[PDB]
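Notes follow the structure.
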Amino acid sequence: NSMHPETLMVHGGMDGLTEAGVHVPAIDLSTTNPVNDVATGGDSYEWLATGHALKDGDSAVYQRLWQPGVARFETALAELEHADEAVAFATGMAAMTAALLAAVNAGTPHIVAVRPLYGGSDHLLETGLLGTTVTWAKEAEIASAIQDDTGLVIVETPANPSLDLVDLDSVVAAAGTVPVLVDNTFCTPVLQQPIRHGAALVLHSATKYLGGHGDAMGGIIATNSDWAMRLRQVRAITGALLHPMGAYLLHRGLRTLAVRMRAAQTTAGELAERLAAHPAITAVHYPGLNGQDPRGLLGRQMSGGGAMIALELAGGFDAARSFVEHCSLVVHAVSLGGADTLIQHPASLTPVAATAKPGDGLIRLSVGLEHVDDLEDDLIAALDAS
Amino acid sequence: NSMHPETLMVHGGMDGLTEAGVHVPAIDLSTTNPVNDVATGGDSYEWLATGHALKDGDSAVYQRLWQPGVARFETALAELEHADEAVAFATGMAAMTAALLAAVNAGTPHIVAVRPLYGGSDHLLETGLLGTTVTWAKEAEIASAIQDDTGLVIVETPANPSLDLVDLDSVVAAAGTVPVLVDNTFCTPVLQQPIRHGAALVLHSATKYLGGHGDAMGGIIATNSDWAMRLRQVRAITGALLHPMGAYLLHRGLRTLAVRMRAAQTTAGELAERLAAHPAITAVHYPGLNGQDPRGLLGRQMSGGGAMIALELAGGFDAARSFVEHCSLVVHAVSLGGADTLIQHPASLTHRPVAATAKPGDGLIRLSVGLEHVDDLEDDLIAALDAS
Amino acid sequence: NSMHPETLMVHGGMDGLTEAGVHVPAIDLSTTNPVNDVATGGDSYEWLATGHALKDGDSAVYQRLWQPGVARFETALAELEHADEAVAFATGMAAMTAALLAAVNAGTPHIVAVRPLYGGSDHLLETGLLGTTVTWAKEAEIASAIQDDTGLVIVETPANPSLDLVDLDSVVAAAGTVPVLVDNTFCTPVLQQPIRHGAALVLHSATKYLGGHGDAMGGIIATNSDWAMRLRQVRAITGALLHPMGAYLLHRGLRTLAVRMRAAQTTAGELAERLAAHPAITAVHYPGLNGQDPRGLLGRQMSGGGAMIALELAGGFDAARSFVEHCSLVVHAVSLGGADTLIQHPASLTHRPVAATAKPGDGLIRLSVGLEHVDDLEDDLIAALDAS
Amino acid sequence: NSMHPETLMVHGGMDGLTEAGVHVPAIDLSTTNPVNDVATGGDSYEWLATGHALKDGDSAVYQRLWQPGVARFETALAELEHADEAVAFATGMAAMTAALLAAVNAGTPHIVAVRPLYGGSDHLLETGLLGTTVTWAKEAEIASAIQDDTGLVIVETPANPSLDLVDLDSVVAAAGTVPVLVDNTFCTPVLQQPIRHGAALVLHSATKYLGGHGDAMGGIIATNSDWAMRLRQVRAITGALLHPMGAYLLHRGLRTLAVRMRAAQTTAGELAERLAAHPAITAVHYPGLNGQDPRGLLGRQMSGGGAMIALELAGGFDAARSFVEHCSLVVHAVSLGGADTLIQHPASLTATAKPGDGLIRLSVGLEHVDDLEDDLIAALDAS
Ligand SMILES: CCCC[C@H](NCc1c(COP(=O)(O)O)cnc(C)c1O)C(=O)O
Ligand SMILES: CCCC[C@H](N)C(=O)O
Ligand SMILES: CCCC[C@H](N)C(=O)O
Ligand SMILES: CCCC[C@H](N)C(=O)O
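Chains as they are written, first to last, in the entry's author numbering: chain A, 2 to 351, 354 to 389; chain B, 2 to 389; chain C, 2 to 389; chain D, 2 to 351, 357 to 389.
Here it is, written out as structure tokens:
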């Protein structure tokens with residue numbers, strides 16, 4: 002509350018470690034947790050199975066009910082997003098799966114969603130695997146798409162890959178009594194805090210930016226106590242758990258999140274302007290050097306431009322394909338938020356059946372922590388290799 | 002194939018490591034996997050997203066699509082269970098969740114299941130969270146319970162906690178064209194191989210026995226290529242993934258599985274007859290004894306008694322509660338298959354908030370036998386029984 | 002205290018975990034450890050820097066001074082070897098290095114050692130890198146080789162590779178007042194406990210058998226409080242530390258040590274007799290085999306034959322090289338004590354830096370027996386012998 | 002075509018990973034490594050036992066001879082320090098131990114060293130445990146202290162704790178033919194590269210800054226092929242090995258080293274000036290502060306002030322003791338280079359040429375500048 006976000010990222014979820022005479026949280030691989038007696042054991046099992054948080058001093062009983070290393074990572078992100086509690090899972094898709102199953106179980110299987118979403122999130126809603134029905138709606142048509150069966154309104158900003166922004170204040174107003182789930186993977190709690198704009202749930206693919214080194218899969222939703230209990234009820238019986246070492250590395254990554262994001266953001270802001278001058282590129286999508294931020298969201302909603310850039314090329318698919326293959330320092334791979342700069346053709350990786360399929364000339368670029376001159380020299384060499 | 006199961010446990014899933022000049026498989030924590038070009042990268046993405054196994058030489062693309070350390074653990078168990086392929090997940094419940102969602106997606110949401118099952122598996126079917134409908138049936142009433150939209154027949158033997166056995170040959174005959182999923186957590190591939198009896202899928206909570214040290218959560222289903230694709234299709238979009246270090250420790254544990262199981266089984270067989278002589282215990286349930294097994298399943302289906310023992314006490318809830326609390330060496334905790342011997346009161350912990358019929362007897366006590374000496378374990382259990 | 006060695010391997014070094022509500026010890030990667038105040042922090046720093054063990058409740062201060070996971074592994078082995086304390090290091094050679102530097106620092110740089118030793122230990126003494134002087138002596142000539150500045154008598158039984166046994170009771174009598182250091186890597190605390198025969202220090206290359214899965218390097222010396230303090234003084238300033246995850250896996254491996262050792266020993270006892278019948282092998286060296294132990298050490302010193310087998314071939318170097326290269330299931334690699342069976346030519350790999358006079362025979366081949374089936378291992382070794 | 006140091010920190014030691022279809026290096030825990038045949042296996046064993054680097058395609062044979070994850074971390078730091086090769090060990094003290102034993106083995110047991118050094122390095126030389134003799138000399142008296150059997154000239158800048166700087170160009174000139182070992186733990190390859198100034202060996206306690214999260218012990222010396230071969234010869238038989246997961250986390254930390262160091266340096270530069278205005282502190286030692294570097298080393302030798310701050314208090318031991326006990330956000334613990342801010346009393350923790363009792367060392371982390379200021383002022387006012 003009185004500490005700045007930079008301090009909260011370092012010391013968040015590190016309570017009681019200094020008193021115990023330790024520097025970093027220990028990795029407890031224990032699958033089972035012994036109990037003091039039958040009465041407290043049975044009470045603690047039922048308490049956690051029904052989605053409640055662990056009481057201090059009580060036994061965790063089993064790893065599928067509670068794990069301390071995961072709980073430390075959960076409290077660390079909840080403080081950053083200004084949320085009451087948070088629930089962590091194996092991947093970002095496991096968190097989305099639990100969020101949708103919680104809505105279905107509560108008798109609300111219908112979901113209202115904006116079309117520019119992550120490929121996996123879009124495919125999971127379209128298939129209706131978890132007993133869900135979806136109505137694809139635009140920012141202005143959210144209120145109309147709301148049914149008496151809607152359990153959640155799913156939004157993502159900046160969108161993956163185009164980086165289209167969404168006004169969160171208007172979305173919450175349109176949803177009204179329906180909770181809003183905001184995928185804040187790209188912005189991170191450093192740039193955006195949807196809970197402050199009135200959102201109920203905030204999803205993050207911890208695999209990107211929260212980990213920051215491309216070596217820890219994870220998913221986490223910062224939300225109020227009601228949805229946290231519903232998500233833990235699902236987690237206890239579906240079991241898409243985050244491994245203790247995975248939780249350790251994601252919590253470890255949160256300490257350097259503010260420093261890494263600001264460094265990659267500075268490089269991305271400069272690269273977007275330098276690449277715009279190249280004749281092979283027709284458009285540069287970047288919230289800071291924007292062609293789609295007339296609403297003044299950069300300042301009101303986002304405290305920074307981000308570290309992602311989408312580039313439209315003048316030869317369509319052929320130029321986009323050649324540019325990706327001729328990169329040497331920049332690695333052609335899916336995923337983002339890592340220490341190294343990655344590149345992809347979203348239409349072929351993020354390809355068979357879609358209405359909101361991105362342009363063939365579009366190329367997504369995750370900016371890492373390399374020098375700005377070395378990254379432009381490599382991207383210019385790949386563009387000139389046409 | 003021409004190797005004994007003891008040899009297969011050690012060298013299973015270790016192909017190509019000796020040629021690469023390494024002893025154990027490396028732990029690759031990589032979340033993303035680079036691609037050679039857009040054409041091969043995109044094709045590899047679509048094949049793995051549609052649940053296909055990774056073709057040799059192709060890039061894994063992303064960890065939610067494929068991971069090499071998990072794949073090594075998958076091939077190791079599949080060879081032990083005599084299955085074509087296997088799919089691993091974060092926990093045993095994640096594997097069950099994916100198997101049920103695979104059936105629902107194929108237009109078969111109905112499941113026929115025999116009542117004595119693990120608490121979580123029973124609760125997941127009863128709630129119908131994953132869009133499933135269930136008809137609880139007995140071993141003889143499986144054929145009648147089969148509906149036109151049945152996707153699976155779920156069976157578990159020895160059952161958790163009572164250790165009731167199920168004739169798998171008769172179950173497969175009753176199911177007919179419906180695939181049979183058999184939870185083989187308690188027996189492990191050392192004692193039982195349901196695929197040999199005609200089962201289609203074999204679930205294992207790798208958290209117990211496969212890991213063997215109580216430090217690696219996991220779940221895995223050894224099955225034919227058809228269900229392996231359906232399970233991977235669900236895994237790719239739901240993402241209940243097994244962490245590379247978790248997969249490493251479960252694969253590591255498989256090397257010592259036959260040696261650990263036989264050692265714990267020996268101690269369990271000795272403790273079953275020693276505890277039966279005590280007057281405080283009315284009955285000792287143990288698959289290794291042919292008493293409660295009139296069908297001759299120990300020999301045809303199971304090559305050993307196991308390392309789990311259920312005990313019925315003469316004082317009901319009060320004696321069961323006191324016996325658990327007075328144990329010092331034996332630790333009162335949930336879970337099984339570890340090196341440490343554990344004890345639990347199912348009617349007071351896992352099945353306390355459960356209905357009268359589905360919950361076990363208030364005097365029943367489950368005991369997972371470990372690698373401690375038989376004399377030190379009986380002395381501790383006798384001291385706890387005499388303390389009431 | 003009144004527990005069997007099998008029970009002690011599972012619960013050794015696991016005190017207070019059940020009270021804290023945890024199953025296995027946590028891996029604390031912390032490099033630094035905060036202090037309550039300047040007075041207690043400074044005193045605990047001085048206490049640990051001077052080689053003393055950590056007091057309960059006091060802060061570890063720094064990892065180079067103390068680490069809890071390593072300390073758990075240390076107390077677990079000390080109970081098995083019947084020693085007061087134990088000190089762990091990065092490798093078996095790091096423990097040997099610290100033992101020699103502790104003797105040199107105490108004004109005793111001379112070491113009396115029996116010639117059949119592991120290659121690295123032999124080369125480290127011959128070079129005199131750590132300011133050591135060595136007098137190579139036989140079992141009977143130990144007393145004569147003792148000089149006024151002797152620090153310790155180094156002995157290893159069964160010796161690497163030949164598997165020569167040494168009567169430890171006679172060695173302690175010959176040494177008299179000088180402490181005896183026994184490398185018990187091959188026997189392990191399951192088969193031999195040199196402390197009961199009067200030895201002062203017991204070195205184990207934890208890398209083999211204690212780990213048991215070929216994935217954790219380590220070294221440890223079970224000894225009295227005086228030598229434990231001297232070893233910790235050297236460790237605090239030289240810093241050859243055992244990593245917390247390495248200590249976790251070696252402590253994890255101790256829980257299955259008795260079960261794994263007995264399983265490999267049974268296979269080795271049968272393999273040594275089956276390989277003796279082959280005409281290509283002239284002699285099979287194994288402690289538990291006729292004409293290999295005239296002093297009756299197998300019974301009063303060793304409770305088992307072990308899991309290592311050395312054998313001489315009738316073609317010398319050419320037959321030894323062909324036999325190693327034609328093995329498929331048995332892997333040609335250095336090291337031992339793992340779950341898989343390994344084979345080597347000691348003259349070309351382990352005992353290569355040793356002087357030509359102390360080098361083993363060219364026809365000799367060392368074999369570490371794993372946990373595979375006895376029939377599959379003999380079929381592979383017979384196929385390799387017949388390929389020449 | 003040459004890459005900047007910021008790019009080299011990210012992609013250093015990552016060669017062949019993109020071609021193999023992997024993002025980060027795998028952790029190979031293997032203790033032993035199988036061989037193709039007796040002839041190649043035996044030759045590879047002798048090659049690595051005599052301190053040579055592993056040839057591509059050859060088997061590592063055993064972990065005490067070679068480990069791939071450690072080798073990747075070694076090549077990553079060598080490129081940053083502009084050295085030919087590097088040798089990694091369990092701790093910074095294990096690296097110092099091997100550096101001294103390599104000198105003793107070469108018939109040069111005498112070492113010339115400057116008095117302001119790390120406590121452990123100072124105690125290891127004074128004791129003479131590894132068969133070493135030491136002559137303590139000042140910057141100007143290095144040439145005179147050089148004996149016929151001198152193996153190394155050990156220097157550390159900024160010194161631990163006082164942060165006293167040493168002109169490395171003059172030290173190399175004074176040493177002449179004797180190789181110079183520089184402990185570059187505090188500056189890191191981001192700020193200083195002693196190899197460029199003519200140093201032969203550069204030691205780093207990887208435990209600090211290279212790891213950056215206080216969870217990976219380590220030590221590493223960036224040096225030429227001759228000393229690297231000698232250091233690997235000692236490592237192969239003494240066995241103070243860096244664990245594969247430890248090497249993985251230290252290599253992982255190098256990717257964010259430039260970004261973390263610059264962030265902590267900015268906070269330290271502001272804190273040193275804000276704390277100077279407080280009346281309880283008599284003097285604030287920081288390389289970047291005015292009147293603290295008359296030789297112009299900031300610019301020629303160091304590209305930044307660093308993230309460490311030592312300061313003298315006006316009450317001696319009592320004020321220093323109270324200040325560290327009243328800190329709440331800043332943690333009283335030994336060590337440095339982590340994500341969190343640590344504080345210590347160098348006289349009590351870590357009577358041999360000791361620093362002043364009023365001196366307090368402070369490792370600046372990645373927290374906000376205002377929150378650190380508020381906590382330290384509250385602790386000073388509590389006296
Ligand atoms: C040459 C490399 C292989 C070494 C292997 N045993 C090494 C070994 C050591 C030293 O332990 P570290 O290797 O953990 O330092 C000590 N003592 C014995 C008896 C050994 O056999 C062997 O096959 O003998
Ligand atoms: C399974 C595809 C992975 C795509 C990756 N999560 C991305 O957003 O680029
Ligand atoms: C959440 C309860 C888990 C307990 C464990 N599945 C058991 O069989 O005891
Ligand atoms: C062994 C004490 C560790 C001291 C710590 N390395 C420091 O910088 O003060």
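Virtual Cβ for every residue (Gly too), placed ideally from N, Cα, C.
- When the Cα atoms are used, A/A359 and B/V71 turn out to be separated by approximately 34 angstroms.
- For the pair C/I28 and A/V25, the Cα-to-Cα distance works out to about 11 angstroms.
- Put simply, the CB of B/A91 is far from chain D, with every gap to its CB atoms at 8 angstroms or more.
- Counted as a single uninterrupted DSSP element, the beta strand (DSSP E) harbouring D/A87 occupies residues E86 to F90.
- Residues are counted here when their Cβ sits less than 9 angstroms from a Cβ of chain D; for the segment 32-43 of chain C these are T32, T33, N34, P35, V36, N37, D38, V39, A40, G42 and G43, given in chain order.
- Ligand 3 never approaches B/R322 closely enough for any of its heavy atoms to be under 7 angstroms from the residue's Cβ.
- Taking a C-beta cut-off of 7 angstroms against chain D, the contacting residues of the segment 323-342 of chain C are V325, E326, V332, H333, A334, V335 and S336, listed in chain order.
- Counting along the chain, A/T128 sits inside no beta strand (DSSP E); it lies in the alpha helix (DSSP H) bounded by residues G120 to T128.
- In this structure D/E7 touches A/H374 by the C-beta definition: roughly 4 angstroms separates them, less than 8 angstroms.
- The DSSP-derived three-state label of A/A311 is strand.
- Annotation for C/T128 indicates a beta carbon at 7 angstroms or more from all heavy atoms of ligand 1.
- When secondary structure is reduced to three states using DSSP, C/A138 falls in the coil class, being assigned neither helix nor strand.
- Residue range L343 to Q345 is occupied by the beta strand (DSSP E) that includes C/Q345.
- Against C/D57, chain A offers no close residue; the least beta-carbon distance is about 12 angstroms (beta-carbon pairs closer than 9 angstroms).
- B/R353 has its Cβ no nearer than 7 angstroms to any heavy atom of ligand 3.
- Taking every protein chain shown into account, the CB of A/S389 has fewer than 16 other CB atoms within 10 angstroms, so this residue is exposed.
- DSSP places C/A284 in the strand class (E or B) of the three-state scheme.
- At the C-beta level, C/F74 and C/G220 stay beyond 8 angstroms of one another.
- Comparing C-alpha distances from C/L9 to each of B/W67, B/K209, B/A340 and B/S349 shows the shortest one belongs to B/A340.
- A distance below 8 angstroms separates the beta carbons of C/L164 and C/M309.
- Judged by DSSP in its simplified three-state form, A/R367 adopts strand.
- By the neighbour-count criterion, in which 16 or more other beta carbons inside 10 Å mark a residue as buried, D/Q266 falls on the buried side.
- In this chain, D/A388 is not harboured by any beta strand (DSSP E), its DSSP state being neither H nor E.
- In the structure shown, the three-state DSSP call for B/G93 is helix.
- Boundaries around D/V191 are those of the alpha helix (DSSP H), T189 to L192, since no beta strand (DSSP E) includes it.
- Sixteen is the threshold: when 16 or more other Cβ atoms of the shown chains lie within 10 Å of the Cβ of D/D216, as they do, the residue is buried.
- Closer than 8 angstroms to the CB of B/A241 there is at least one CB belonging to chain A.
- Around the beta-carbon of D/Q345, 16 or more other beta-carbon atoms lie within 10 Å, marking it buried.
- Relative to the non-hydrogen atoms of ligand 4, the Cβ of D/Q345 comes within a distance shorter than 7 angstroms of at least one.
- Here DSSP, grouped into helix, strand and coil, assigns D/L204 to strand.
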